[PDB]
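Structure first, commentary second.
So basically every Cβ, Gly included, is an ideal-geometry build from the backbone, and we count neighbours across all protein chains shown. What follows draws every value from the coordinates through simple rules; no lab data is involved.
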Amino acid sequence: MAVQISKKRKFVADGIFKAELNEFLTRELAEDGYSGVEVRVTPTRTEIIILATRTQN
Amino acid sequence: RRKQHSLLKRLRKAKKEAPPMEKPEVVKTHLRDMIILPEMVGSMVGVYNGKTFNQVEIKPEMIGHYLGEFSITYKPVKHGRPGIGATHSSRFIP
Amino acid sequence: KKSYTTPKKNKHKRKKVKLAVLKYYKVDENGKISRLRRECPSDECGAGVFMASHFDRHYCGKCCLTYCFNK
Amino acid sequence: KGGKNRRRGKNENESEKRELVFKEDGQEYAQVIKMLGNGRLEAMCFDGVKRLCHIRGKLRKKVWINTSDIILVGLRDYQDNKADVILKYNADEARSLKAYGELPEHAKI
Amino acid sequence: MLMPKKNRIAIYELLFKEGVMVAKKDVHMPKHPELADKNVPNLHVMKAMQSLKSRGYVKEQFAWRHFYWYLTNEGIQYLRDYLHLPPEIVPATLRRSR
Amino acid sequence: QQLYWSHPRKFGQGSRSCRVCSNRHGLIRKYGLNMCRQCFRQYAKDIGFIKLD
RNA sequence: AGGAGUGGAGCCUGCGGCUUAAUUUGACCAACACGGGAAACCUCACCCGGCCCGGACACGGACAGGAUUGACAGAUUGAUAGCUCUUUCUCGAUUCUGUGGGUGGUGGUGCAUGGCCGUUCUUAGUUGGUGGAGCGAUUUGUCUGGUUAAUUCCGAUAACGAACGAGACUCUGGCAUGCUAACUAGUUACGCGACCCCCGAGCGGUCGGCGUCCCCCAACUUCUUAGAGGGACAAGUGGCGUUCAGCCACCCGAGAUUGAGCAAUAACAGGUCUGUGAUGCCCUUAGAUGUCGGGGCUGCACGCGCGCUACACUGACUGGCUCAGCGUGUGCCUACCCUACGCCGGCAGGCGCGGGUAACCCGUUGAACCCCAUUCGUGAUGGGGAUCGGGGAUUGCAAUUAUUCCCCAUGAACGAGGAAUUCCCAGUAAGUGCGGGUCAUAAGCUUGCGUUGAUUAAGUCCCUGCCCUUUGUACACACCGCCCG
């Protein structure tokens, strides 16, 4: 579980995760009124807040 | 030896079985790469170009060189008669 | 890009001949089982399969790169 | 032409080369004799009979048929004197056909 | 074959346990790491899911060189009888999401 | 079946592949790209960059 | 007005033509060192051989003495492809076979399309509402005049009140001994002890000078770093203007322009189906347009474009001195980084050790032109380094049509360039080196950065072109128009 990548490369890999997800979801939640995401890593946990208008579907 | 094995056995073999004072038939190759060596001499080898197996006799004077230098892979070139647009003049018709 | 031009051979896959099956065990009296040629000796072979009686060549078909006696 | 413009609104092009009907029944090779105007033109057939050739749609201002040279001509089903142009060839194509021995070996380019 | 009979089970059983499969688009994968452990040397996941998908029983997304196969109710019934499993077992998931 | 299907790809322009679909021709490596210049543009808005100059 | 060139010469590279079994292909101001396109293989679409199915699913057929799977050797074969044949074991319902139906394609169509980009167009342009004027197409608003870089303002006024572009905005440069705070940044101060030379007063110590180690629980933040703030507004003065909007000069000083990013309405049969698992239709789909091996995109009597190196003395050559910046770097893709130090070699290079996730290690980036001293002497010369022979290294699975690098030898055109033509106004042109990009090996390319640093202008509509008004028109596919004998 280590070490860890360069600080320059740290942001690029985050951007790739932020972007890939945002097109993954758009191809499944299109009919459910998708509107975006907002990611947050939190202490020992990931949060992926899946914004859509109708949480029902 | 990265399976040049296939060539070097056929050469010695065919050289052996062939009548005295006569050369063998041919061993063919798509491999244009392999150093010409003293042991290879006296054999006759056809070498693939793009379609054609150009046959060559191996001399003791060719040692060190590659196989592919003795078989060409293009027509030397002829010309020509310059064509139409072959310059700042070709144009117009109607 | 353009369409294929005529060949003068092509043949795909051999039909892997339609031989009669199991005559490899010979019965002349019971409970005796008259085996012919030796059953395959490798650890990874089960030794319930027969070896080829292929004389001037002696080869396990379960093996596919190894164990080729020839005499 | 010598470049210019307005010559791209419309479908460049060209002859990606290509190949090769004949003759058929009443549909054969001729040579340009003259070069009238208005539109029509003259062309003696390769058999021996003369005829007067006529241009065909599309080929109108899409292909220039300078004087002298082989050209593919349909014959009218009933008319002798007037005949109908088809499908021209290339000068290279015409000398390949001549070398093959399918059209008569009489005319030079 | 098309593929062995061992390697069928190892895909169909693994799907039943997670409730979902994912894989990559390649044909030079050597043993398929990233589960099914070291016994799929070729397509096999993609090739078997596609045949399953033809007959319904699963849905399929694809995005940035990665498949995503979502098992469905009809396939659960099929796979349950096909693998001789209890009349009520789903080990993939079963709880209410809060 | 066959005893071959492949031949050494270990370096060169064929042993790396770009993430459009496994597209090429458009040689790319930069700062950990592996990302195609046509789509890089479409991800100007997406995160990694916002244009400022 | 001038500065430096191109066109001339040699070489690199792209394009046409020609050749070829194939020499794949798009593109003709707004193509042509462009498609990140510097192709050994791969790439790869092309050409020639060989193999494979990765033809789902459905229905029918075959079928457990069984559907079916694979392979040694020999022969064959570029081949160690059971590909084929000889030979005879092996696999076991996954299949095979027929029909229906799919699937793949750098296949075609950019004149079926989406998206993106370029261009008209770097100029100042653009539109609706309500009212007014016309039978209507339309027009007024959007202007005679002054003014501005700008449809920018002032003013006029059958229009009034608004919107988009311009500007405003964002980034960058230039001004802080003010503010904020720093052993992953420095300076100063000693404490110093150590080295060094008396080099200067003195004696060598000390005082002074030179850097390094020592530095702290020292002091500070000027230099370096990056944050919060302030500063420039035509502000003040003198002219000029309707004295309005503004313009010119000057003080202070950083002068109202340091350079970029963003950019309207409407349009083009512009480019791109070879970026796209974006996409219509058509084609092809087992003798495949979907995989391995070999060849080609580099082939030349010729034409053109972008550039590089040169024609010497304001130079070349050999020594000596001395200055920089933007960056980048292994732990990533699948096997790979940047290098100090020690040792060996003329060199390319080899070998042994160590550091670096990086204001921490490479690197106080100890770079070039320039600077200082020898040698050559107006000579196609020692200028120029093309062509070409032999030899040595490195990368790789492979280096031949020479991958790249090094050593010796060979020593061409070329002695300032026709008709024509490009680009440029201040740290700008020109000279000169460096980093990044592509990269297993390799920039004469492109993109950024420093260093040295001029001459000429402060204008004009002559040429080329663009904006606004007025006028004329047989034009509206719009003068690259139309039309006569």
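Restricting attention to the stretch E:81-96, report how many residues are out of contact with any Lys or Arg (no Cβ under 8 Å at 6 or more places or on another chain) and touching a residue at least 40 places away in the same chain (Cβ under 8 Å).
Counting residues in the stretch E:81-96 that are out of contact with any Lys or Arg (no Cβ under 8 Å at 6 or more places or on another chain) and touching a residue at least 40 places away in the same chain (Cβ under 8 Å) gives 5.
Only one of these conditions is not met by F:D53: (1) among the charged types (D, E, K, R); (2) more than 10 Å from every other protein chain (Cβ to nearest Cβ); (3) more than 6 Å from RNA strand G (Cβ to nearest atom). Which number is it?
If we test F:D53 against (1) among the charged types (D, E, K, R); (2) more than 10 Å from every other protein chain (Cβ to nearest Cβ); (3) more than 6 Å from RNA strand G (Cβ to nearest atom), just (3) comes out false.
Would you pick out the residues in the stretch C:14-38 that are surrounded by 10 or more Cβ atoms within 10 Å (Cβ to Cβ) and either in a loop (DSSP other than H, G, I, E, B) or in contact with a strand residue (DSSP E or B) (Cβ under 6 Å, 6 or more places away or on another chain) (or both)?
Answer for the stretch C:14-38, where residues must be surrounded by 10 or more Cβ atoms within 10 Å (Cβ to Cβ) and either in a loop (DSSP other than H, G, I, E, B) or in contact with a strand residue (DSSP E or B) (Cβ under 6 Å, 6 or more places away or on another chain) (or both): C:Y24, C:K26, C:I33, C:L36, C:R37, C:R38.
Given the options B:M21, B:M40, name the one that is touching a residue at least 12 places away in the same chain (Cβ under 8 Å) and more than 8 Å from RNA strand G (Cβ to nearest atom).
B:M40
Scanning the stretch B:43-69 for residues that are assigned to a loop (DSSP other than H, G, I, E, B) and within 9 Å of RNA strand G (Cβ to nearest atom), which turns out farthest from the chain's Cα centre (by Cα)?
Of everything passing the filter in the stretch B:43-69, B:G64 is farthest from the chain's Cα centre (by Cα).
Looking only at the stretch E:14-66, which residues are within 14 Å of chain A (Cβ to nearest Cβ), within 22 Å of F:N23 (Cα to Cα) and part of a strand (DSSP E or B)?
Those that are within 14 Å of chain A (Cβ to nearest Cβ), within 22 Å of F:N23 (Cα to Cα) and part of a strand (DSSP E or B): E:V22, E:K24, E:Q61, E:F62, E:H66.
Find all pairs meeting these conditions: Cβ atoms under 7 angstrom apart; at least six residues apart or on different chains; first residue within the stretch D:12-40 and more than 11 Å from D:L75 (Cα to Cα); second residue basic (K, R).
Every condition considered, no pair remains.
Looking only at the stretch A:1-32, how many residues end up being away from chain F (no Cβ under 14 Å) and either hydrophobic (A, V, I, L, M, F, W, C) or touching a residue at least 24 places away in the same chain (Cβ under 8 Å) (or both)?
Count: 7.
Just a yes or no: is a residue in the stretch C:42-62 exposed (fewer than 10 other Cβ atoms within 10 Å of the Cβ), within 7 Å of RNA strand G (Cβ to nearest atom) and more than 25 Å from F:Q1 (Cα to Cα)?
No; the residues of the stretch C:42-62 include none that is exposed (fewer than 10 other Cβ atoms within 10 Å of the Cβ), within 7 Å of RNA strand G (Cβ to nearest atom) and more than 25 Å from F:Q1 (Cα to Cα).
So, in the stretch B:64-94, exactly how many residues are surrounded by 10 or more Cβ atoms within 10 Å (Cβ to Cβ) and in contact (Cβ under 8 Å) with a residue 24 or more places away in the chain?
Qualifying residue count for the region: 6.
Identify all residues within the stretch B:82-94 that are within 17 Å of D:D92 (Cβ to Cβ) and either within 6 Å of RNA strand G (Cβ to nearest atom) or hydrophobic (A, V, I, L, M, F, W, C) (or both); write none if there are none.
B:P82, B:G83, B:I84, B:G85, B:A86, B:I93
Scanning for something near RNA strand G (Cβ under 10 Å from one of its atoms), closer than 30 Å to F:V20 by Cβ and surrounded by 14 or more Cβ atoms within 10 Å (Cβ to Cβ), does the stretch E:3-17 turn up at least one residue?
yes
Consider the stretch F:22-40. How many of its residues are part of a loop (DSSP other than H, G, I, E, B), surrounded by fewer than 13 Cβ atoms within 10 Å (Cβ to Cβ), near RNA strand G (Cβ under 6 Å from one of its atoms) and away from chain A (no Cβ under 14 Å)?
3
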